[PDB]
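Written below as structure tokens is the structure these notes are about.
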Amino acid sequence: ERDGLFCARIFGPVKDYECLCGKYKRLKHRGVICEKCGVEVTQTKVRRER
RNA sequence: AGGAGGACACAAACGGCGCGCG
DNA sequence: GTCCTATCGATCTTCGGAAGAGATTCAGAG
DNA sequence: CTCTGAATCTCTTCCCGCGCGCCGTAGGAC
Ligand SMILES: [Zn+2]
């Protein structure tokens, strides 16, 4: 759930390299910001550091 | 006649309680 | 049945630790 | 009247692995 303790756009996406909203599923769109959910697509590991 | 035209990737978790062994 | 909110917001959470160390109070003490 | 004594307060601590095995949100409102 967004804006929660596990918000995707706050801490990071859950999928390996895919955004939560599913707009992008490739390294070709790595680093871009989606506007279907607001989550930033990057390496999911960053989710443990933000 | 002549002549003309014509989908890749991907293998199980975190805290108690109890027991037991070194 | 589902999904909810809230968590002794009318109790009594255990009495079979020891100690060791500070920290905090008190007590004649001038 | 506080000072510099004790005395009485709370807090911290307690070997290493290893296996079994269970056991693990709750009551209330639409
Ligand atoms: Zn997305």
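Chain lettering (A, B, ...) mirrors the order of the structure tokens, residue numbering begins at 1 for each chain separately, and ligand numbering begins at 1 in order of display.
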
### Task
Name all residues at most 10 Å from range 11-20 of chain C (count only C-alpha atoms (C1' of nucleotides); drop same-chain ones fewer than 5 positions away) and give them as a count of residues only.
3

### Task
All residues within 9 Å of ligand 1 are required, counting only C-alpha atoms (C1' of nucleotides) and all ligand atoms; please report them as a count of residues only.
20

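Note that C1' of residue 13 in chain B and CA of residue 17 in chain A are 24.5 Å apart.
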
### Message
What's around residue 10 in chain D at 10 Å? Count only C-alpha atoms (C1' of nucleotides), leave out sequence neighbours fewer than 6 positions away in its own chain, and write the answer as an MDAnalysis selection string.
### Response
chainID C and resid 22:24

Put those residues in a file: N, CA and C atoms (P, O5', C5', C4', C3', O3' and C1' of nucleotides), as a CSV table (one decimal), in the first residue's frame.
```csv
chain,number,residue,atom,x,y,z
C,22,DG,P,31.1,1.3,39.7
C,22,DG,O5',30.4,2.7,39.6
C,22,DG,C5',29.3,3.0,40.5
C,22,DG,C4',28.1,3.5,39.8
C,22,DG,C3',27.7,5.0,40.1
C,22,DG,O3',27.0,5.6,39.0
C,22,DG,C1',26.1,3.6,41.0
C,23,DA,P,26.8,7.1,39.0
C,23,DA,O5',25.2,7.3,38.8
C,23,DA,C5',24.4,6.2,39.2
C,23,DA,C4',23.1,6.8,39.7
C,23,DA,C3',23.1,8.3,40.1
C,23,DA,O3',21.8,8.8,39.9
C,23,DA,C1',22.7,7.0,42.0
C,24,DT,P,21.4,10.2,40.5
C,24,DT,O5',20.7,9.9,41.9
C,24,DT,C5',19.8,8.8,42.0
C,24,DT,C4',18.9,8.9,43.2
C,24,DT,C3',18.7,10.3,43.7
C,24,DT,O3',17.4,10.4,44.3
C,24,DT,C1',19.8,9.0,45.4
```

### Task
Would you mind telling me which residue in B:9, B:14, B:4, B:21 lies nearest to chain A when using only C-alpha atoms (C1' of nucleotides)?
B:9

## Note on the structure
As a check of understanding: the span from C1' of residue 9 in chain D to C1' of residue 21 in chain C is 12.2 Å

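Distance-wise, CA of residue 26 in chain A and CA of residue 42 in chain A end up 9.8 Å apart.
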
Please find the residues of chain B near chain A - the criterion being any atom within 12 Å, counting only C-alpha atoms (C1' of nucleotides) - and write them as a PDB file with N, CA, C and O atoms (P, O5', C5', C4', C3', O3' and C1' of nucleotides), in the first residue's frame.
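In the end it all went to out27.pdb:
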```
ATOM      1  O5'   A B   7       7.036 -15.636 -21.294  1.00  0.00           O
ATOM      2  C5'   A B   7       7.787 -16.517 -22.118  1.00  0.00           C
ATOM      3  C4'   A B   7       9.024 -15.850 -22.664  1.00  0.00           C
ATOM      4  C3'   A B   7      10.191 -15.706 -21.699  1.00  0.00           C
ATOM      5  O3'   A B   7      10.954 -16.892 -21.560  1.00  0.00           O
ATOM      6  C1'   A B   7       9.834 -13.653 -22.795  1.00  0.00           C
ATOM      7  P     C B   8      11.656 -17.241 -20.155  1.00  0.00           P
ATOM      8  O5'   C B   8      12.964 -16.331 -20.138  1.00  0.00           O
ATOM      9  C5'   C B   8      13.983 -16.491 -21.113  1.00  0.00           C
ATOM     10  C4'   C B   8      15.102 -15.499 -20.913  1.00  0.00           C
ATOM     11  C3'   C B   8      15.852 -15.590 -19.592  1.00  0.00           C
ATOM     12  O3'   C B   8      16.828 -16.617 -19.574  1.00  0.00           O
ATOM     13  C1'   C B   8      15.312 -13.333 -20.035  1.00  0.00           C
ATOM     14  P     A B   9      16.755 -17.784 -18.471  1.00  0.00           P
ATOM     15  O5'   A B   9      17.021 -17.038 -17.089  1.00  0.00           O
ATOM     16  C5'   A B   9      18.247 -16.362 -16.844  1.00  0.00           C
ATOM     17  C4'   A B   9      18.058 -15.202 -15.897  1.00  0.00           C
ATOM     18  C3'   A B   9      17.827 -15.557 -14.435  1.00  0.00           C
ATOM     19  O3'   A B   9      19.017 -15.851 -13.726  1.00  0.00           O
ATOM     20  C1'   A B   9      16.198 -14.006 -15.110  1.00  0.00           C
ATOM     21  P     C B  10      19.086 -17.130 -12.751  1.00  0.00           P
ATOM     22  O5'   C B  10      17.787 -17.003 -11.832  1.00  0.00           O
ATOM     23  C5'   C B  10      17.720 -16.045 -10.785  1.00  0.00           C
ATOM     24  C4'   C B  10      16.409 -16.126 -10.039  1.00  0.00           C
ATOM     25  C3'   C B  10      16.269 -17.270  -9.045  1.00  0.00           C
ATOM     26  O3'   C B  10      16.906 -17.021  -7.805  1.00  0.00           O
ATOM     27  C1'   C B  10      14.335 -17.169 -10.383  1.00  0.00           C
TER      28        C B  10
END
```

Which of chain A end up as helix (DSSP H, G or I) when DSSP is run on this backbone - answer as a compact mmCIF listing (two decimals) with C-alpha atoms, in the first residue's frame?
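The resulting file, out-v2.txt, is shown below:
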```txt
# COMPACT_ATOMS: atom_id res chain seq x y z
CA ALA A 8 6.85 1.34 -3.11
CA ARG A 9 7.62 4.91 -4.20
CA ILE A 10 9.15 5.87 -0.84
CA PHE A 11 11.61 3.04 -0.14
CA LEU A 27 16.77 -2.24 -18.03
CA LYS A 28 15.93 -0.04 -21.02
CA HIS A 29 13.72 2.03 -18.68
CA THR A 44 15.31 -3.57 -5.79
CA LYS A 45 18.29 -3.91 -3.42
CA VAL A 46 18.17 -0.12 -2.87
CA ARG A 47 14.90 -0.82 -1.05
CA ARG A 48 16.96 -1.98 1.95
```

I'd like the neighbourhood of residue 24 in chain D as a PDB file with C-alpha atoms (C1' of nucleotides), in the first residue's frame, where a residue qualifies if any of its atoms comes within 12 Å (using only C-alpha atoms (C1' of nucleotides)), though same-chain residues fewer than 6 positions away should be ignored.
```
ATOM      1  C1'   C B  14      11.961 -16.017  13.142  1.00  0.00           C
ATOM      2  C1'   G B  15      10.481 -15.793  18.243  1.00  0.00           C
ATOM      3  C1'   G B  16       9.190 -18.348  22.252  1.00  0.00           C
ATOM      4  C1'   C B  17       8.496 -23.250  25.256  1.00  0.00           C
TER       5        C B  17
END
```

### Spatial neighbours of residue 20 in chain D, 12 Å, only C-alpha atoms (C1' of nucleotides), chain gap at least 2 places, as an MDAnalysis selection string
(chainID B and resid 18:21) or (chainID D and resid 18 22)
